[PDB]
Amino acid sequence: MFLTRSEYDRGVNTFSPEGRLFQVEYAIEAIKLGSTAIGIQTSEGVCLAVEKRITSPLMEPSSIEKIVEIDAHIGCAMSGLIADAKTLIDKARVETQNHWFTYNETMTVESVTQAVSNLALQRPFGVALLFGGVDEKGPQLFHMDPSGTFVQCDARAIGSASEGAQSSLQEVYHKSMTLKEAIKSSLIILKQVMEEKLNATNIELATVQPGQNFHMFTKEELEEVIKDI
Amino acid sequence: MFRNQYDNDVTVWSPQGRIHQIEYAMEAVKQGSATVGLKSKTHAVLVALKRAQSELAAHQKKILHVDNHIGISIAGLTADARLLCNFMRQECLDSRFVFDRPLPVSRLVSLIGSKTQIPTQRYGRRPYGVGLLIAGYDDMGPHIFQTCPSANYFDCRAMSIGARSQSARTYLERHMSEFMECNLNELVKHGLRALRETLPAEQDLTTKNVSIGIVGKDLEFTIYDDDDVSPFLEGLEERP
Amino acid sequence: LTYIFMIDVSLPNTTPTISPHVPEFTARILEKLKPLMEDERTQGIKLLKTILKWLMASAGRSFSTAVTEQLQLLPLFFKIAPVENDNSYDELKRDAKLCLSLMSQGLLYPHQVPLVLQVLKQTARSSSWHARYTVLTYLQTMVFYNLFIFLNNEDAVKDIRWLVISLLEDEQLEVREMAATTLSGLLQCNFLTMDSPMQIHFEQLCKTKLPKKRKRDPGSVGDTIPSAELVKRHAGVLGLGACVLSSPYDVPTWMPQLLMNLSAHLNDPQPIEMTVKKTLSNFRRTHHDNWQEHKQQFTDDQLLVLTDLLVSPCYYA
Amino acid sequence: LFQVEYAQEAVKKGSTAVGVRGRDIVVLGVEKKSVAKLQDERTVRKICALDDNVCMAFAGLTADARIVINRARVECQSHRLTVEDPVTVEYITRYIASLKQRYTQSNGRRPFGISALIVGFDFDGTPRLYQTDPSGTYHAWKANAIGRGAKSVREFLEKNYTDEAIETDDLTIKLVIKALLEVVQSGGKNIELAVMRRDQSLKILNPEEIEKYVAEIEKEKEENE
Amino acid sequence: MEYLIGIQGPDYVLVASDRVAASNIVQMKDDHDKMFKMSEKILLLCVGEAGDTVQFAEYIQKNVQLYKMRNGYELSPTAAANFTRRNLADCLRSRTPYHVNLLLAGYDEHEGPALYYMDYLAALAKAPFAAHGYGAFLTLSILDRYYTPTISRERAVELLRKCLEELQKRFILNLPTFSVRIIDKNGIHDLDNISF
Amino acid sequence: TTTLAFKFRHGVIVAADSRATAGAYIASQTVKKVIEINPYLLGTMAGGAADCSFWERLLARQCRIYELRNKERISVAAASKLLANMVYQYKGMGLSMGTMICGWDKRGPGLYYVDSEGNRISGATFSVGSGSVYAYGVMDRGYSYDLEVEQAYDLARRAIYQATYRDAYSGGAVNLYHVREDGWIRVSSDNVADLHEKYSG
Ligand SMILES: CC(C)C[C@@H](C=O)NC(=O)[C@H](CC(C)C)NC(=O)[C@H](CC(C)C)NC(=O)OCc1ccccc1
């Protein structure tokens, strides 16, 4: 409400007397104000759900994609402008193929998230990314912060209402959750933040399963899932 | 209202002959979670308490591998620690390629001190915000070292860095005489007890929140996490 | 439309105009907008867009703002408006946020203040979380401007205090945090005065035992809603945190005790852990400038507990 | 942030540009503003051919547009040299959006300041229409408008756009003219229209040709009355 | 080895090229086109070292196409030939030298038909007629004996056929089919391939 | 090395021998001379084994990045040009690579020959390697666009076998792949010794 400014805030590369870097903290918070994205990781599969928020009927819905395929086994959900994450998504895609050429093998999600973090370190970066894929360990989900910290999350929500979604996610999530149950829960949580009827344009749903590659649900496939709710 | 003209840059010297930005960076280590490192005649052990964003989140990794004989625990900005860790790994690999000899830990800590010093003396550079506890085994023996954002480094019989570190340091100083002759199991127990002092009374050490790394005459640096920490944790007595 | 209704005025010693009156026109629009308040709804949405443009234009031109019928249109705007502003909100939502801000910064007659509060209380009870969050945002501007008029009505001060405290215990985290932000600002401007009853209510809510049981482990359950006990604990810590944030640059005599209480709740499960970390971190940054004067209020033992606190963000360690 | 908003103000003041994607024809129409009594209109264009299969209409600062158009044209030839295939409309839009994201200098008005409607046909023969923003966000639209009156034109397009409207090449041209006619009032005097066609070079209709289409829409309106 | 020929008449430029692409002893392709359409009224015929011909010719084509997009008007055939000569000459002393022998045929509304001969050494000469390849030695004389400045387009096709017929009878190499194109005010027009 | 590819009514047929020879030593008889760039594209390897393997693998990496970046598969023409451009940069530096890029794309069935020299050509029938001359004749005499799939498979097997009989540096087994609109399918791997008994019998 009322302004609460301190001399050491907004100092760029200057440590505050406490030792915190305030300008970096403010930048990271602004980055996390994008559209809500929910990822839940289950033994059966990892599911990523995002809100498209298309402005006009004329616009083609496919052109706005918040879920992208880094590789057959890895997919990324982003909150905020696609343009901000374009360089980071490209780095991950180039690294996954560069790794394949050098070692003739798939790159684990943790190694892929570390490479994107290294680019972010080499500077806030302006995006929060959820990387979900099935690797040698199994189905795995990682969260990348605008700061560049990466942690494995059983269930994570990034975006404007992430804090509320995360509390809802905590109560619903259980280790034995099936992929079909996870899809329903993430969409139910997404509906609560959106406060809008779920439709194919409103939400984009993608899943990576151990046998299957990255799959983005088609309009008909999403419609069946939303109707069951 | 009480603005200081001399705290804007690391280059500026205060009229009291102090560089404020270096002191502010030194405080950054205290922001990080507590980490305890102690050494015996044959082994050096780093024990750290990790913290997690949520119950679902895995927990941040305080301890990292630098070489077969060298391991480090980070307190303070993680990004700075990753830059330092990458530098340390390159120096160690270079020493094996050129001399086929594990790089002496003392020489590595000196190189980190040189790298950290340059940001302190140059414009538009923030001093590193990470404090590192380094555990290594060399011909001289097991060694524990502490690095500071100031670029000073210290050889320590035992050291604790991070929030509530002083409580651990009081335990480490009290029982330091026992540490030199302690067996690996007892030395790890002493480190867990010092870390326990940092913890608030309600909270207690758990397999999820504790990371242990040990280097020794016949042991390459090994990081024990989750179930691996359970044998060490079971032996510890209940909180006094 | 603003020009057509300009002649109608509430100015003293004025006869009713022969020109068109705003109250009659709004009543016809309100009846037409009743279905939204499928074809009928779509026709209404187009009408809402035109009327919203009229209210935005009439905010400064109209001699008397806040006509009672115009106040009745506010609940529909609250649900449509977005919690966070964006350029992809489809125009009607973006316009609704702009209209609410212009209406909130409007002079209110003393007679209008009871009526506006009643509409605000009703929308606060509404199911939509966006409407409950928006009511708190509308209240913050509406109270700061026209501050003395609201203060003159004691009943308004009591009702505004109750609405903010009631919204503090709401299920949505975003609304709960906005309620704390409103309370901290209201305490700062002295519209709401920290009192022994207010602190006792927060302390009682803070001391609520967590359930300590998991519905998910047995399974066959879908508890999307957060546990009530966790919401009660968060409301108490959010209330104590708002009191700490009320004085950013000064430590009052009550401040040290509240800080000691906030420190105890640091290890509590999220979202309580995040709230305590942010309040303490903000207190440290604002109170660093005059710390030597601020330190005197704290006893030596109290200072030690505050110094040994980890409120660092995830990027640290 | 402030720079992006300043760029958005420049595009809003720009001449209206409307584009429609049709089954065999993609149409780009831009309003032509009056210049000066002694000025020559040949220099002012606002519709440019990036390549044989791609055409661009811009609303925003003229100087910034020249730099973006030149860089895009050099990229189209470079893509053809490297891959031997005509540039996809999406690829050229992605390049222009990236160029808008970085002016190549820290600060220095990094957003280019031009919003572009890029229309053309892919090697496959799929008609495509895309919109570029100073922010660097690029979207695909069946029909869209940029510049003065864009929001009002879009609503007319949303109601008017239909399978029947895009059924024939003449009808798609007429739809572009009708939408432009709302924002810009005149006959063929103030409107410039370009028809890409399919597997054919971009054609800018002559003033006489645009007037004939304008005359037909007026006759249809009289019949509708 | 590869054969190129051009005849410039009063209102037209007639160009023919062998259509055979060959490896060391075997003809990989018999449908090869050695003519690159730089512009609506300009054709570049390029023969020479493998790789160098495709890369250099494509680079010149893209730059001429770029000039049309940037300025909206096509380069003159004389300007296009001079741009090619400068680029080839700069590469001559560079680490990467292109061994390309080229014929440029074009029609300019202002200057009419133009035929240009450029060797690997980048020397540009305007010619009424010119040829490249080993077969050029055998066919240049036939063109010299019967060429007239006012030759008709039909007679020019007949003269070209006589040179192609000579290659079949005396040339050691097998060049069965030839690609024939004519450039005029109307534009480049493909003509039926002469086959033997 | 003998590798042959022809375009017929039912698709593109790619065939190869399996012999890698250092000097006159037969180092390998099981080498796979066709690389699968993508489920619809194949690349043939002739000339130095390392040169072809590294460059074709690099093309495969570029093709996957193109598919990920543009959300559409690379054309046979685009892949052929990309290999030609990369090898050309190192022209005159001793790389020896003769390759046929065979695949099905939006345009239709596609065959291109790319060489270390820098030749890139498209044709219905191509044969590359030391035994190319022997394969070319048998393939040319029995090749027709209207050939049925079974007849086409036999022509490819016969052309590799006759080439192996005459050429010292060709031998091993005939690896057969058929590119189809659905995608490439591995068809049969037949030892020339087994083929010799069938043909001679
Ligand atoms: C994988 C295919 C591309 C190989 C294929 C292509 O011709 N068949 C071949 O026969 C090629 C052709 C070569 C004789 C020029 N053979 C080869 O490339 C063989 C590879 C073997 C040593 C494993 N020769 C070679 O690469 O030389 C490497 C070498 C260098 C020094 C000593 C011994 C061997």
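Parameters at a glance
- Residues numbered from 1 in each chain as written, not as in the entry; some residues may be left out.
- Chains lettered and ligands numbered in written order.
- Part of a larger assembly, values for the part shown.
- Heavy atoms only, no water.
- Residues with missing side-chain atoms left out of burial classes, pairs and counts.
- Helix = DSSP H or I, 4+ residues; strand = E, 2+ residues; numbered from the N terminus.
- Buried < 20%, exposed > 50% of the residue type's maximum accessible area, 1.4 Å probe, protein only.
- Polar contact = N/O pair within 3.5 Å; in protein donor to acceptor, adjacent residues only side chain to side chain.
- Contact = heavy atoms within 4.5 Å.
- Near = heavy atom within 4 Å.
- Areas by Shrake-Rupley, 256 points an atom, 1.4 Å probe, with all protein chains shown as cover.
- Nonpolar A, V, L, I, M, F, W, Y, C, P; charged D, E, K, R; others polar.
- Pairing = 2+ DSSP bridges.
- Axes fitted to C-alpha atoms, helices over the stretch in contact; angles between N-to-C directions.

Per the deposited record, the coordinates in this entry were obtained by cryo-EM to a resolution of 3.1 Å.

Draft legend 1. Representation of the side chain of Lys34 of chain E in the model. All names here are of chain E. Relative to the elements of secondary structure, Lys34 occurs in the loop between β4 (27–29) and β5 (35–39). Residue class for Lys34 comes out buried when judged on its relative accessible area of 2%. From its side chain, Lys34 meets the backbone oxygen of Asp18 in a polar contact 2.9 Å long. For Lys34, the side chain forms a polar contact with the main-chain oxygen of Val20, separated by 2.9 Å. Sequence-distant contacts of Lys34, that is, excluding residues within four places in its chain, are made with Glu2, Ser17, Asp18, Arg19, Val20, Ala21, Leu44, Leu45, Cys46 and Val47.

Draft legend 2. Structural view of the environment of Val116 of chain A. Residues and elements named next belong to chain A. Assignment of secondary structure puts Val116 in helix α3 (residues 109–121). On the accessibility criterion, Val116 (0% relative accessible area) is buried. The sequence separation of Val116 and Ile31 amounts to 85 residues, and the corresponding C-alpha distance is 16 Å. Among all residues touching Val116, those that are not within four sequence positions of it are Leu88, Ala92, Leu129, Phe131 and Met144.

Draft legend 3. Region of the structure containing the site of the ligand. All names here are of chain F. Lining the immediate environment of the ligand, one finds 13 residues, of which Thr1, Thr21, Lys33, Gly47 and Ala49 sit closest. Here a nitrogen atom of the ligand and a side-chain polar atom of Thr1 are 2.4 Å apart. Backbone polar atom of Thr21 to an oxygen atom of the ligand: 3.2 Å apart, as the coordinates give it. Surface burial for the ligand is 54%, taken as the share of its 740 Å² of free accessible area covered by protein chains. Mapped by element, the contributors of at least two residues to the shell around the ligand are β3 (20–22), β7 (46–47) and α1 (49–70). No other element matches the 3 residues that β3 contributes to the shell around the ligand. Among the residues making up the shell around the ligand, the classes are represented as 7 nonpolar, 4 polar and 2 charged.

Draft legend 4. Examining the sheet that holds strand β12 (residues 173–179) of chain F more closely. Residues and elements named next belong to chain F. Read across the open sheet, the 5 strands follow the order β11-β1-β2-β12-β13; overall the sheet is antiparallel. Since the sheet does not close on itself, it has two edges, and those belong to β11 (125–128) and β13 (184–191), each with one partner. The average angle at which neighbouring strand axes cross in this sheet is 15°, direction not considered. Sitting on the sheet, helix α3 (residues 132–142) touches β1 (3–8) and β11, and the angle it makes with β11 is about 155°. Against the sheet, helix α4 (residues 149–166) makes contact with β1, β2 (11–16), β12 and β13, and its axis sits at roughly 160° relative to β1, the strand it touches most.

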